[PDB]
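*Asks:* Take a look at the following structure, please.
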Amino acid sequence: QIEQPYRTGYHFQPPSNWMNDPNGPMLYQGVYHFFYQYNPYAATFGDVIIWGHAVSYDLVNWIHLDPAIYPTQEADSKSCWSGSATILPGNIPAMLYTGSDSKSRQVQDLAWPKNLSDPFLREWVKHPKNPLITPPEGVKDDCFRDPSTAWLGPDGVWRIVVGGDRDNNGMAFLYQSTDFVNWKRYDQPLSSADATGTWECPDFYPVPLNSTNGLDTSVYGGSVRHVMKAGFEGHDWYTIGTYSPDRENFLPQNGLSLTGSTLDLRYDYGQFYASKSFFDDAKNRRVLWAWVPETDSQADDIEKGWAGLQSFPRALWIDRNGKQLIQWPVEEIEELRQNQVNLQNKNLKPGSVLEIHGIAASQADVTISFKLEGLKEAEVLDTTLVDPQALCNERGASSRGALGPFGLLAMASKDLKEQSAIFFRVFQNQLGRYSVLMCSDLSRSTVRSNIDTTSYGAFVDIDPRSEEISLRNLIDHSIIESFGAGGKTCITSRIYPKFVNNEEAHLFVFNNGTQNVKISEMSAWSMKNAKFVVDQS
Ligand SMILES: *[C@H]1O[C@H](CO)[C@@H](O[C@@H]2O[C@H](CO)[C@@H](O[C@H]3O[C@H](CO)[C@@H](O)[C@H](O)[C@@H]3O)[C@H](O)[C@H]2NC(C)=O)[C@H](O)[C@H]1NC(C)=O
Ligand SMILES: *[C@@H]1O[C@H](CO)[C@@H](O[C@@H]2O[C@H](CO)[C@@H](O)[C@H](O)[C@H]2NC(C)=O)[C@H](O)[C@H]1NC(C)=O
Ligand SMILES: OC[C@H]1N[C@H](CO)[C@@H](O)[C@@H]1O
């Protein structure tokens, strides 16, 4: 028998209880800081939410600390909601966050470490003039929140954004200040969309063109572009554009307002929400934290007594062609790798299933690369308007085609009665150009009742003719982060097979199509647990 079969081994998550929106991430004095929305009283959202706190020297192995920001003054008596962190000149970190005041309205609060001597910033103090910012003119007291990391303009003035809506038209309210205490709403929003509802946890940063690293938020230039990100309709979206401080104007690259349609871009197309990035000036990389909600019954959450996991921190950067963003787990994860199992030049005959042996199947890192031959045989399906989620949900692992479904069977039982399939499908349009679809077929992930087993999918932007379809998977018990094409298309999935209570998990590579495919290379590593020390009291 096995207890707590769903807690992860190397993904960040508190000892117990509920967690969501990751908060004010930052790198201060050689230490990585992470904060998270926490309900110290149950395994479900509640009327009282504080800021969880934990530190790490490598984003992998953590140390849980006492909660940092909790309601102490009127400006946040009901709860301390999401916010961001900004290290101001002088090496002093500032925390701006949304609070729920006595009158139950959402406002912006400021706070900062109280004992900078302390490597772990255990104790924090609020400013006295809190709240620093209150809902604008025509804005409802529960539609104004999630302030961003601030950025300093060449003119010496700061800039931040706050989420919310104006008559149900999601917006990025922009405020400016010189001291970081007195703020004034700017005349227009930084950006916005219609009928999208409250924009949550906005994020606005610069990405260096033709590079693969990050920049300090405050950077700007002609060889730089800006990502305007926002959550809404249960998903986090973004858009690459150009920023011009002089008029606080954001001009999208594709020239579209966010729509939440299969027309826009998301970081991850599965369970991924309330994401926030931050600049790591030690390794020159922009890191991305994101909340991964549960998919099992609320009843189930109260039983296991915990909800919420954080994605494994991924590095962010704009693509070579500059039209989309790329993500990849930070190198530190590599140090968790134990033993390995390879495969090279292995054909997967039509309708076959090859098992990977010797790996720690339930907690591993698996990369696999397919070599396609005979594309002319691709099914015929113009994909200009097709919605991939519908397609993976209609054509699962058991729907045989020409090229694909071919891929990986993770968190699977020995009898394949329960399985989670991450795979591909290659299609071709009348004119002869190809398209690749990536899927996460959770339809058979678990036999348990009351579990959301919806599947997730997205189209991968590569050329099957020239490049091989690559796929890495971070398998950690109840979460699977599927990285396709080197991070050009990511998909996080939560699954809860029943077998994980008695039997051990299995790992397979498979091809259920009619056309033969070959495994160019398959590198699989068993992943050891991440160290989680506790220093609270
Ligand atoms: C991909 O290849 C097959 C594509 O159909 C798929 O077959 C599985 O087995 C049969 C078809 O041979 C079907 O199962 C039927 O019987 C079960 C009884 O256990 C019913 O519950 C099903 O609803 C259905 O009537 C399924 O179509 C299919 N899946 C299973 C095992 O139920 C293979 O499974 C696919 N390869 C893998 C392992 O992903
Ligand atoms: C401010 O932070 C420092 C650094 O952690 C604290 O100093 C440590 O205090 C413990 C006992 O509380 C000692 O065992 C360590 O030797 C101290 N280290 C240093 C660097 O002095 C200090 O106590 C904190 N002050 C407050 C306000 O609690
Ligand atoms: O826990 C409160 C936070 N949940 C939302 C995102 O899920 C944020 O807008 C809000 O600040």
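By order of appearance in the structure tokens: chains A, B, ..., then residues from 1 within every chain, and ligands from 1 in the order shown.
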With a distance cut-off of 10 Å and only C-alpha atoms, select the neighbouring residues of residue 446 of chain A, excluding the residue or stretch itself and same-chain residues fewer than 3 positions from it, and output the selection as a ChimeraX atom specification.
*Replies:* /A:411-413,417-420,442-443,449,451-453,495-499
*Asks:* Which chain A residues have any atom within 7 Å of an atom of ligand 2, and for each, what is the nearest pair of atoms with distance in Å to one decimal, counting only C-alpha atoms and all ligand atoms, rows sorted by chain and number, as CSV?
*Replies:*
```
residue,atom,partner,partner_atom_place_in_ligand_line,distance
A:115,CA,ligand 2,1 (C),5.0
A:117,CA,ligand 2,2 (O),4.8
A:118,CA,ligand 2,2 (O),3.8
A:119,CA,ligand 2,5 (O),6.5
```
*Asks:* Go through the chains and note each residue within 10 Å of ligand 3, using only C-alpha atoms and all ligand atoms, then give the set as JSON, numbers by chain.
*Replies:* {"A": [19, 20, 21, 22, 23, 36, 37, 38, 39, 45, 46, 47, 48, 49, 50, 51, 79, 80, 81, 82, 83, 97, 98, 99, 100, 106, 142, 143, 144, 145, 146, 147, 163, 164, 198, 199, 200, 201, 202, 231, 232, 234, 235, 273, 274, 275, 291, 293]}
*Asks:* Could you tell me, as a ChimeraX atom specification, which residues of segment 27-180 of chain A DSSP assigns to strand (DSSP E or B) when given the backbone?
*Replies:* /A:27-28,31-39,50-56,62-65,79-88,92-100,106-113,124-126,133,144-145,151-152,158-165,170-177
*Asks:* Can you work out the spacing between atom CA of residue 7 of chain A and atom CA of residue 501 of chain A in Å, to one decimal?
*Replies:*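 According to the coordinates, atom CA of residue 7 of chain A and atom CA of residue 501 of chain A are separated by 12.2 Å.
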*Asks:* Dump the neighbourhood of ligand 1 as a ChimeraX atom specification: all residues within 10 Å, distances computed on only C-alpha atoms and all ligand atoms.
*Replies:* /A:350-353,396-401,405-409,412,415-421,441,444,508,510-513
*Asks:* Choose the residue, out of A:258, A:392, A:26, A:87, that has the smallest atom-to-atom separation from residue 276 of chain A; count only C-alpha atoms.
*Replies:*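 Among the listed residues, the smallest separation from residue 276 of chain A belongs to A:26.
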*Asks:* Report the closest atom pair, with its distance in Å rounded to one decimal, for each residue of segment 290-329 of chain A that has an atom no farther than 10 Å from segment 462-476 of chain A; count only C-alpha atoms, sort by chain and then rising residue number, and write it as a tab-separated table.
*Replies:*
```
residue	atom	partner	partner_atom	distance
A:312	CA	A:474	CA	8.8
A:328	CA	A:472	CA	9.7
A:329	CA	A:474	CA	9.0
```
*Asks:* Provide the atom CA of residue 53 of chain A to atom CA of residue 101 of chain A distance in Å, to one decimal place.
*Replies:* 22.1 Å
*Asks:* Considering only C-alpha atoms, state which residue in the set A:491, A:333, A:251, A:517 is at the smallest distance from residue 271 of chain A.
*Replies:*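 Ranking A:491, A:333, A:251, A:517 by distance to residue 271 of chain A, first place goes to A:491.
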*Asks:* What does the distance between atom CA of residue 94 of chain A and atom CA of residue 113 of chain A come to in Å, to one decimal place?
*Replies:* 7.8 Å
*Asks:* Which of these, A:504, A:248, A:461, A:334, has the shortest distance to residue 526 of chain A once you count only C-alpha atoms?
*Replies:*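 Ranked by minimum distance to residue 526 of chain A, first place goes to A:334.
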*Asks:* May I ask which of the residues A:366, A:458, A:172, A:505 is the closest one to residue 386 of chain A, counting only C-alpha atoms?
*Replies:*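 Closest residue, counting only C-alpha atoms: A:458.
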*Asks:* Within 12 Å of residue 322 of chain A, counting only C-alpha atoms, which residues qualify if same-chain residues fewer than 5 places away don't, as a list in words?
*Replies:*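 After dropping sequence-adjacent residues, the list is residues 207, 208, 209, 210, 211, 212, 223, 224, 225, 226, 227, 239, 240, 241, 242, 253, 254, 317 and 488 of chain A.
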*Asks:* Taking only segment 300-440 of chain A into account, list the residues labelled alpha helix (DSSP H) by DSSP (computed from the backbone), as a PDB file with N, CA, C and O atoms, in the first residue's frame.
*Replies:*
```
ATOM      1  N   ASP A 300     -12.669  15.276  -3.133  1.00  0.00           N
ATOM      2  CA  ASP A 300     -11.357  14.632  -3.166  1.00  0.00           C
ATOM      3  C   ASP A 300     -10.258  15.500  -2.547  1.00  0.00           C
ATOM      4  O   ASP A 300      -9.393  14.997  -1.818  1.00  0.00           O
ATOM      5  N   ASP A 301     -10.294  16.800  -2.833  1.00  0.00           N
ATOM      6  CA  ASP A 301      -9.286  17.713  -2.308  1.00  0.00           C
ATOM      7  C   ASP A 301      -9.285  17.747  -0.783  1.00  0.00           C
ATOM      8  O   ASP A 301      -8.229  17.706  -0.146  1.00  0.00           O
ATOM      9  N   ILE A 302     -10.480  17.812  -0.204  1.00  0.00           N
ATOM     10  CA  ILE A 302     -10.644  17.864   1.245  1.00  0.00           C
ATOM     11  C   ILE A 302     -10.174  16.578   1.900  1.00  0.00           C
ATOM     12  O   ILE A 302      -9.724  16.584   3.046  1.00  0.00           O
ATOM     13  N   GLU A 303     -10.282  15.481   1.157  1.00  0.00           N
ATOM     14  CA  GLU A 303      -9.869  14.174   1.643  1.00  0.00           C
ATOM     15  C   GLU A 303      -8.337  14.123   1.686  1.00  0.00           C
ATOM     16  O   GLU A 303      -7.748  13.936   2.760  1.00  0.00           O
ATOM     17  N   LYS A 304      -7.690  14.300   0.534  1.00  0.00           N
ATOM     18  CA  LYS A 304      -6.230  14.273   0.509  1.00  0.00           C
ATOM     19  C   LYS A 304      -5.721  15.435   1.346  1.00  0.00           C
ATOM     20  O   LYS A 304      -4.629  15.386   1.930  1.00  0.00           O
ATOM     21  N   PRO A 388      -7.878  22.860 -32.228  1.00  0.00           N
ATOM     22  CA  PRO A 388      -7.170  21.689 -31.715  1.00  0.00           C
ATOM     23  C   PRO A 388      -7.764  21.007 -30.490  1.00  0.00           C
ATOM     24  O   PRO A 388      -7.735  19.780 -30.403  1.00  0.00           O
ATOM     25  N   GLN A 389      -8.290  21.764 -29.534  1.00  0.00           N
ATOM     26  CA  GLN A 389      -8.871  21.098 -28.373  1.00  0.00           C
ATOM     27  C   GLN A 389     -10.003  20.187 -28.822  1.00  0.00           C
ATOM     28  O   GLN A 389     -10.141  19.057 -28.344  1.00  0.00           O
ATOM     29  N   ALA A 390     -10.815  20.678 -29.749  1.00  0.00           N
ATOM     30  CA  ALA A 390     -11.918  19.883 -30.247  1.00  0.00           C
ATOM     31  C   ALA A 390     -11.347  18.663 -30.945  1.00  0.00           C
ATOM     32  O   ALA A 390     -11.797  17.550 -30.713  1.00  0.00           O
ATOM     33  N   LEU A 391     -10.335  18.874 -31.778  1.00  0.00           N
ATOM     34  CA  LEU A 391      -9.728  17.780 -32.522  1.00  0.00           C
ATOM     35  C   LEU A 391      -9.085  16.686 -31.646  1.00  0.00           C
ATOM     36  O   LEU A 391      -9.268  15.502 -31.929  1.00  0.00           O
ATOM     37  N   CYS A 392      -8.350  17.042 -30.591  1.00  0.00           N
ATOM     38  CA  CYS A 392      -7.759  15.988 -29.757  1.00  0.00           C
ATOM     39  C   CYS A 392      -8.850  15.311 -28.971  1.00  0.00           C
ATOM     40  O   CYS A 392      -8.736  14.140 -28.626  1.00  0.00           O
ATOM     41  N   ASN A 393      -9.907  16.050 -28.663  1.00  0.00           N
ATOM     42  CA  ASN A 393     -10.984  15.483 -27.873  1.00  0.00           C
ATOM     43  C   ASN A 393     -11.911  14.625 -28.690  1.00  0.00           C
ATOM     44  O   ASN A 393     -12.689  13.846 -28.146  1.00  0.00           O
ATOM     45  N   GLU A 394     -11.831  14.765 -30.002  1.00  0.00           N
ATOM     46  CA  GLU A 394     -12.676  13.971 -30.869  1.00  0.00           C
ATOM     47  C   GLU A 394     -11.849  12.793 -31.340  1.00  0.00           C
ATOM     48  O   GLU A 394     -12.340  11.666 -31.411  1.00  0.00           O
TER      49      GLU A 394
END
```
*Asks:* Here is a test: counting only C-alpha atoms, which residue of A:268, A:66, A:179, A:365 is nearest to residue 477 of chain A?
*Replies:*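 Looking only at the distances to residue 477 of chain A, the closest residue turns out to be A:365.
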*Asks:* Within 9 Å of residue 191 of chain A, counting only C-alpha atoms, which residues qualify if same-chain residues fewer than 3 places away don't, as a list in words?
*Replies:*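 The filter keeps residues 170, 171, 172, 173, 174, 188, 228, 249, 250, 251 and 257 of chain A.
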*Asks:* Save the residues we just selected, C-alpha atoms, as a PDB file, in the first residue's frame?
*Replies:*
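Saved the output as selection.pdb:
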```pdb
ATOM      1  CA  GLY A 170     -10.676  43.536 -19.685  1.00  0.00           C
ATOM      2  CA  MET A 171      -7.964  46.112 -19.105  1.00  0.00           C
ATOM      3  CA  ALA A 172      -4.384  46.836 -18.114  1.00  0.00           C
ATOM      4  CA  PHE A 173      -4.728  49.957 -15.996  1.00  0.00           C
ATOM      5  CA  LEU A 174      -1.477  51.829 -16.077  1.00  0.00           C
ATOM      6  CA  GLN A 188      -5.583  55.352 -21.031  1.00  0.00           C
ATOM      7  CA  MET A 228       1.617  41.902 -22.947  1.00  0.00           C
ATOM      8  CA  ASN A 249       1.400  53.035 -26.249  1.00  0.00           C
ATOM      9  CA  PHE A 250       1.466  49.289 -26.935  1.00  0.00           C
ATOM     10  CA  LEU A 251       1.179  48.233 -30.585  1.00  0.00           C
ATOM     11  CA  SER A 257      -6.727  42.936 -29.538  1.00  0.00           C
TER      12      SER A 257
END
```
*Asks:* Measuring between only C-alpha atoms, which one of A:292, A:330, A:500, A:431 shows the shortest distance to residue 361 of chain A?
*Replies:*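 Checking each of A:292, A:330, A:500, A:431 against residue 361 of chain A, counting only C-alpha atoms, the winner is A:500.
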